[PDB]
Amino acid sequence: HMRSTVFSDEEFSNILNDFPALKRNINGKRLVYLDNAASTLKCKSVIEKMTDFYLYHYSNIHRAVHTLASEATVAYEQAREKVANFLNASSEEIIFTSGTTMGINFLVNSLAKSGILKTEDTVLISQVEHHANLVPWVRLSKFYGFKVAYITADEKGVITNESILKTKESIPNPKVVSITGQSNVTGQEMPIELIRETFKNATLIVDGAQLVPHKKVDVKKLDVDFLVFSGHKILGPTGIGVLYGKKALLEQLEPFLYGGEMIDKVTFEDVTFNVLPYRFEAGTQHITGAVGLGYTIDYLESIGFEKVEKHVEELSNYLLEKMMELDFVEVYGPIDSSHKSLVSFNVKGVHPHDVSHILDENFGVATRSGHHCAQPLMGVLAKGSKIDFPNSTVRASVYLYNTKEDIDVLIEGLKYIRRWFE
């Protein structure tokens, strides 16, 4: 018994067989893939469907008169609809992009050009944001003149409900609030609805890159204005992301990028724009990445996405339990049920890169060491550290095809690393 409360040994066994990378061995040990927070492994049946699409159903899309162009166009718009149903949005509220990062850049630039984010307006973000939801705001404040303010994290990197309510006293009327739906370092799932009510007049953006892959997201319930995520973190193709926005807001936004398809009329001197969603898709999109993403979502819904979520939840609880028992590790983030997907940590007396190196070479375990694209968060964690804090951490992250046994290999690995450095 694989030790699941969610999947039978047969269903689960079938799932694992969908991921050929799991048959890889590193120095004679099976691959134990715990770097899911950076990117995920690919499903053979999904990738075969993309291959069939490239080889037999492919051409450029829209203005479709010939047979392949119709097929490709229909498949692409069908993919948009699968994504809209997955988020409870309408299809004209789904814009295909290159990724989360592009999505955030699209918003900052489009909000400023549309006249919504002005000089001396304030954008409020959190201290635990990924560079993708931090650097565009901080750098572009120098060109457009807005100010950036932060919701502060505690010395373990936690954004408490109290911090959220306290920030509102101090920054009462932010023009934009952009926050992570879940930290790629602390593992903390954020209280999005509490944020939405506390900053009732703000344009609210959620960085969904870590959240969307393992937890149900209903954009109407959350009442977010915009949400972004990346395909490659949900078993999907690279080069494909999603931007969701409220139809009423998208209708007033200046396009980020310009070119073909997004126009209606072009003259040498002026342009007008197409309707939604095409207004915000300039030139040839990642047609096959979109179709592939659609097929990824079909795969997840065939397993059943509530089961995906529960399985990841039980893996997360087990990972965090086992990590908390080790007396020679320091763990970051909340020790509560908001903590999901991943555990960032340091082994006392051992450099993070050595932890990841030995885990990989001697135990076949893939983890990541470093700042995890959250350099300012590291400075916050340093203040609460009780060790000689290396300004970086090790990170183990779980997803669909992981097991409790994978986690037991990680633990065995870490014990070994402690005994080896003494």
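Numbering starts at 1 and runs along the sequence shown.
Notebook entry, point to check: Can you tell me which stretch has the higher mean Cα B-factor, 304-312 or 79-87?
Noted result: For C-alpha atoms only, the mean B-factor is higher in 304-312.
Margin query: If you average the CA temperature factors as listed in the entry, which stretch comes out higher, 53-61 or 390-398?
Written below: Higher of the two, by average CA B-factor, is 390-398.
Next item on the list: Sort 298, 207, 120, 225 by C-alpha B-factor from the entry and give me just the highest.
Entry: Going by the entry's C-alpha B-factors, 120 comes out highest.
Margin query: Sorting 318, 137, 278, 229 by Cα temperature factor from the record, which one lands on top?
Written below: The listed residue with the largest C-alpha B-factor is 318.
Next item on the list: Sorting the chain's modelled residues by C-alpha B-factor, tell me whether residue 374 ends up in the lowest, middle or highest third.
Entry: Middle third, going by the recorded CA B-factors of the chain.
Check: Which third of the chain does residue 144 land in by C-alpha B-factor: lowest, middle or highest?
Finding: Residue 144: CA B-factor falls in the highest third of its chain.
Next item on the list: Sorting the chain's modelled residues by C-alpha B-factor, tell me whether residue 44 ends up in the lowest, middle or highest third.
Entry: CA B-factor rank for residue 44: middle third.
Next item on the list: Consider only the C-alpha atoms of the modelled residues in this chain, order them by B-factor as the entry records it, and name the third containing residue 291: lowest, middle or highest.
Entry: For residue 291, whose C-alpha B-factor we compare with every modelled residue in the chain, the answer is the lowest third.
Notebook entry, point to check: Among the chain's modelled residues, which third holds the C-alpha B-factor of residue 215?
Noted result: Tercile = middle for this residue's CA B-factor.
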